[PDB]
């Protein structure tokens, strides 16, 4: 029971990877702050956390709004009595060739994926420094944060930027006893990849379905990633056994990118 | 005379590294499109190019304005009769601890250093694809694009993002015969580093002068970098001898970051 | 709990990091095959494992002997009824300037650190494949397998080699259901660094104290690593929460090398 | 022009990439020390160098013999009146699955590819230091020194080792005014890849054709590399435009490995 007496906050917690993370951290002992954008789906996840025997707080928030993130996270931490782990999971993906990326498009993805991570690090680090907590910041990165991919230039740019922020924050926050690491998933099997494939097809002229299949064919381990696969590594990063790890952006990707 | 009959465009060309690049490319044979923000200093650099025996066009431009960059670069290319090399050199630096970075601050540095590079790649690639030119795109990156540094989180984030964009664009533009690479300088000896040191001191309590000295002490080769050091490698990247190199972000840094 | 029913083998198990690893895997549920070079100290460690209610086989072996390692590992796996996890921990260190490295010296460290890892990988994967088990190979790498360190040319070369073999093996063995990863510790012992620091001053004219400050006081977390820090991450890599991770060489180094 | 007055040594100079390198350095102005294993083909290459109005010394040597390499290089440097540039080009390749690599096999490739590079570095740096020259050591690395490739475990391990020794040597020799870098070609010959592709299918159950497509048709630029591509970058690394570059292992690979 690694996380007994701990409090973890997770962004994008209502579904997908963030939900899996929230539930895994709750199973390992933590009370959970669930942040997302739709109250009704958040409330459902909150009940599943409470069913596992933990306390949950479920609040809508815009991770791209610096001051509101800070205040909302502080409200939730006050309600539960602390904060020990911050998982900056929420992000968005875009698909567009380098030549066709437009200004509003790229401003939008940076606002969510880069500023939103930054604002969450700041909100959590502020709270940690208040009680002298040896806190953990855990950011969502990607295989696309280690290598730039075609048609994913904007997304890759934001995940490289999250890696940068991970490193700079690890170095600056170490003297406050706060570690900062990222997790880098591969191909996580979702309806989302069906959407990516569709777009990719219309852009290129390949057959619908072909691109998603070809990507899966590339994974050394021969299967797609589950949200629980990602959650298992986030659980390690949340634990005492990661105390001495900081600044790292670790691939759990089935053998796609090798570092 | 590697660049005879070639046309190169350089952003931030009026001074510093961009000026050194412009002059070196002109010495190697190219006619030069000089882009920057002050007409009077641009005009001076233009005259030095013309003194080396080349043609120059010198135009003010805001690299963060997508459509204006495209049209201005096109005007200059029409005036000279082509475009073969695009050097996205201009950028800005900020100094601020991770916890204190503000929304307008980070929007500003991304607009210049990330969007501005993107818009220049798009402007140049459009022109190359018009005549079937085997063009070269060369982006300014940094040691801070390979490792995140303390107090340089925003800057590092933008240079990691430029590396991403370099990779994704190299992969997507290869079939058009266009290569995309970046150069990554170290500590380039300038009044700029005196300013960085000053800020860093006020933030931390170290002595004015101490931080710049300590950084120089770190360079394996034992001397600071000159703008001509950077220009020499940009000259290689502009040449035939770099035809088979694409997607790379190469450190010319005196032995600071090792990849 | 985490490794209930599993059997693990660990080289260099009698003392040090390897003993910590062995004891942690036993605490987590695994019976252990302890391999090292001195029977008396192996026997002591086996008794600690047995006191946990775990089964232990303790056998002397030379990791650099391909055929002997194969047969000794197979003998132990037969005794215990299987083999799930192979930790290639044992290795040696040498401190010598690049210019002074001699033929017998470099052959010795490659024999132990590179051939020894390869022979272990071969011994364990032969067992996993002949039985059909989904096994895990876990190799000891280092900060020095990610960056070459002064006076550690030979050691760094061997650790880089280990990372290469981790990646090639991960790619080749994935279709047999076998994962291959490495763990990369930072600075555990400090005496070697005093030595290195002195010798760096003598051979390059660095100041005394300055290399030790750079590397030992350069650790972001501000403390040296313990054997338990290392064993904690090895326990993660042994666990089902690492099932989807392959080909990786992960730094648990207190913030020294950033990837 | 670029290397006027310089003297360079190149191993594997009789044929192939090493002959291209030798001829390019001669064209650029350097007298050349040609080192290889067969006197008759060395003599032919020396005659091509001499036809340029350059001086050549052609001597047989075994790069894996430390003392002999030292004395033969010194003999040649004395004949020509100095030594400025050392290119450690010669190496061998092997294709073998990780599980099947044998002791004499791996010892052979490490002897040639790792010890041979180290002995060359030592032979040249001894000369540079005893005379006080600011020399350049340039080592042959590979895509396989940045990522481990299937069936190329041993070769990849040696090339990773070469990158380590490049970095350690760069750090140790900088204070003597010596730079150390590596060049990392991609895919030049295609026959080896057909072999690898077949053998991958046999050992992992991949489809025939699928490995060759992944690696050979995965080159972004869409064509294999020539010896001239490699020699062009080696010419840059020999030149004063690389003075500030040290510790680097640069990919000229058509867009295969992205760093």
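For residue B:226, state whether it is buried (at least 24 other Cβ atoms within 10 Å of the Cβ), within 30 Å of residue B:169 (Cβ to Cβ), within 14 Å of chain D (Cβ to nearest Cβ) and touching a residue at least 12 places away in the same chain (Cβ under 8 Å). No. Report yes if residue D:36 is closer than 26 Å to residue D:152 by Cβ, in contact (Cβ under 8 Å) with a residue 40 or more places away in the chain and in contact with a strand residue (DSSP E or B) (Cβ under 9 Å, 6 or more places away or on another chain), otherwise no. Considered against the rule, which asks whether it is closer than 26 Å to residue D:152 by Cβ, in contact (Cβ under 8 Å) with a residue 40 or more places away in the chain and in contact with a strand residue (DSSP E or B) (Cβ under 9 Å, 6 or more places away or on another chain), residue D:36 comes out as yes.
Please go through region D:94-105 and pick out each residue that is in contact with a helix residue (DSSP H, G or I) (Cβ under 8 Å, 6 or more places away or on another chain), assigned to a helix (DSSP H, G or I) and surrounded by fewer than 24 Cβ atoms within 10 Å (Cβ to Cβ).
Applying the first criterion (in contact with a helix residue (DSSP H, G or I) (Cβ under 8 Å, 6 or more places away or on another chain)) to region D:94-105 yields D:94-99, D:101-103, D:105.
Still in the running and assigned to a helix (DSSP H, G or I): D:98-99, D:103, D:105.
Passing the criteria: D:99, D:103, D:105.
Let me confirm something: among A:153, A:205, which residue is within 14 Å of chain B (Cβ to nearest Cβ) and at positive phi? Working first, answer last.
Values: A:153 fails: at positive phi.
Testing whether each residue is within 14 Å of chain B (Cβ to nearest Cβ) and at positive phi leaves just A:205.
In the set (1) in contact (Cβ under 8 Å) with a residue 60 or more places away in the chain; (2) at positive phi, the condition left unmet by residue A:186 is number (2).
For region D:212-223, the set of residues classified as more than 10 Å from every other protein chain (Cβ to nearest Cβ), part of a helix (DSSP H, G or I) and surrounded by 13 or more Cβ atoms within 10 Å (Cβ to Cβ) consists of D:212, D:215, listed by residue number. On the stretch given as region D:229-242, residues that are at the interface with chain B (Cβ under 7 Å from one of its Cβ atoms) and either touching a residue at least 24 places away in the same chain (Cβ under 8 Å) or surrounded by fewer than 23 Cβ atoms within 10 Å (Cβ to Cβ) (or both) total 5. Of the listed requirements (1) over 19 Å from residue A:165 (Cβ atoms); (2) in contact (Cβ under 8 Å) with a residue 60 or more places away in the chain, residue B:163 misses just one: (1).
Checked against (1) surrounded by fewer than 23 Cβ atoms within 10 Å (Cβ to Cβ); (2) out of contact with any strand residue (DSSP E or B) (no Cβ under 6 Å at 6 or more places or on another chain); (3) farther than 19 Å from residue A:228 by Cα, residue A:52 meets all criteria but (3). Among the residues making up region D:129-157, those that are assigned to a helix (DSSP H, G or I) and surrounded by fewer than 24 Cβ atoms within 10 Å (Cβ to Cβ) are D:129, D:130, D:131, D:143. Across region A:250-259, the qualifying residues are those that are surrounded by fewer than 24 Cβ atoms within 10 Å (Cβ to Cβ) and more than 7 Å from chain C (Cβ to nearest Cβ), and the one among them that is nearest to residue C:220 (Cα to Cα) is A:257.
Taking the residues in region A:165-184 that are more than 13 Å from chain B (Cβ to nearest Cβ) and buried (at least 24 other Cβ atoms within 10 Å of the Cβ) as candidates, determine which candidate is farthest from residue A:131 (Cα to Cα).
Of the residues in region A:165-184, the ones more than 13 Å from chain B (Cβ to nearest Cβ) are A:177, A:179, A:183-184.
Now narrow it down to the ones that are buried (at least 24 other Cβ atoms within 10 Å of the Cβ): A:179, A:183-184.
Details: A:179: 16, A:183: 27, A:184: 30 Å.
So the residue we want is A:184.
Selection over region C:42-73 of residues that are touching a helix residue (DSSP H, G or I) at 6+ places or on another chain (Cβ under 6 Å) and assigned to a helix (DSSP H, G or I) gives a count of 6.
Kindly indicate the residue of region C:74-88 that is outside any helix (DSSP H, G or I) and farther than 29 Å from residue D:162 by Cα and also farthest from the other protein chains (Cβ to nearest Cβ) among those meeting that condition.
Result: C:81.
A Cβ distance below 6 Å, combined with a sequence gap of six or more or placement on separate chains, defines the contacts here; from region A:105-116, residues that are more than 7 Å from chain B (Cβ to nearest Cβ) reach residues that are surrounded by 24 or more Cβ atoms within 10 Å (Cβ to Cβ) in the pairs A:109/A:154; A:109/A:158; A:113/A:91; A:113/A:158; A:116/A:63. Taking region D:213-241 as the range and being in contact with a strand residue (DSSP E or B) (Cβ under 7 Å, 6 or more places away or on another chain) and more than 30 Å from residue A:144 (Cβ to Cβ) as the test, the residues that pass are D:230, D:234, D:237, D:238.
Annotation note: of D:91, D:29, the sole residue that is more than 14 Å from every other protein chain (Cβ to nearest Cβ), part of a loop (DSSP other than H, G, I, E, B) and without any contact (Cβ under 8 Å) to a residue 40 or more places away in the chain is D:29.
When we count neighbours, we look across all protein chains shown, and the Cβ atoms used for this are built from the backbone with ideal geometry, even at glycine. The numbers here are math on the coordinates, done by the rules we state, and not lab data.
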